[PDB]
Structures are given as C-alpha cells and as structure tokens.
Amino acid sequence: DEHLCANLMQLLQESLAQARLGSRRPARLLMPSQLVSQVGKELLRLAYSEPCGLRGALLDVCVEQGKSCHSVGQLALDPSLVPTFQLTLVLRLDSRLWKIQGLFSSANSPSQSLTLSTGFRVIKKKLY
C-alpha cells in the first residue's frame, strides 16, 4: 500500500493548496516534509490491520484552527472498493497564520502560503 499512500499524500497536498476553512476564500496550506512522512506512516500503520488494507479506507480530513475544526474534504482511497473503515486525519494550523479580506482586494498581490503544524492525529473507526 506504500505507493497508494505516496500518491494519496500528493492528492492531499493538492487539496490543501486550495483549502477553504469556514468561507469561500481558498488558503494555500502547505505540509512540512516531515508531516507528509509521518502522516503517511500512521495511515499505513492503521490500515494494515484491515481487509483490503489502505484500499478499503475512507479518508476524512480536517484542519484545526484554534478552537475550530474545519472539514477540508473526504475521499475513498479506491474507487472500485466500498470503504469499510474511516481514517480521520486532524491537521493543525497555528492561529497566528489565520484576516477578513474586504470587498476591494482585487489589486492585492497573491496571498502567501501557510505552513501547517507538524502535530496531527489520526482516528480510525470501522464502518458498518
């Protein structure tokens, strides 16, 4: 499942690069190189005790922003299988990186990226 997971990490970063956390305004969220590695490792660890391994997983991603927890997206890891377990990935964005843009920001220069924390959680639950 290692190549499946590597590819998933790529899809995840593409997703986070245009994340919407509570509004329509996308934010360019970046995963530290270490986070990508640790996340992948843990997803794999949790999946190997399941039928079909990581292929049977439904990945559920959210980003912690202070007290809030924003849903980023959800993905069945293999289109030809019905997911039988859910992996909830909880990432974190330091709240100083968090403001309101205004209605007249067109001539503003492109937003900078925001790098996510190295801390995260993964929770697995069987689906029925």
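Each residue number is its position in the shown sequence, starting from 1.
Asker: From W98 on to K99, does the model leave out none, 1 to 3, 4 to 9, or 10 or more residues of the deposited sequence?
Answerer: Gap between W98 and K99: 1 to 3 residues without coordinates.
Asker: Which has the higher mean CA temperature factor in the PDB entry, 5 to 13 or 20 to 28?
Answerer: Mean B over CA atoms: larger for 20 to 28.
Asker: If you take the mean CA temperature factor per stretch, which one wins between 80 to 88 and 61 to 69?
Answerer: Going by the record's values, the stretch with the higher mean is 61 to 69.
Asker: Quick one: classify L103 as lowest, middle or highest third of the chain based on its Cα B-factor.
Answerer: According to the entry, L103 has a C-alpha B-factor in the chain's highest third.
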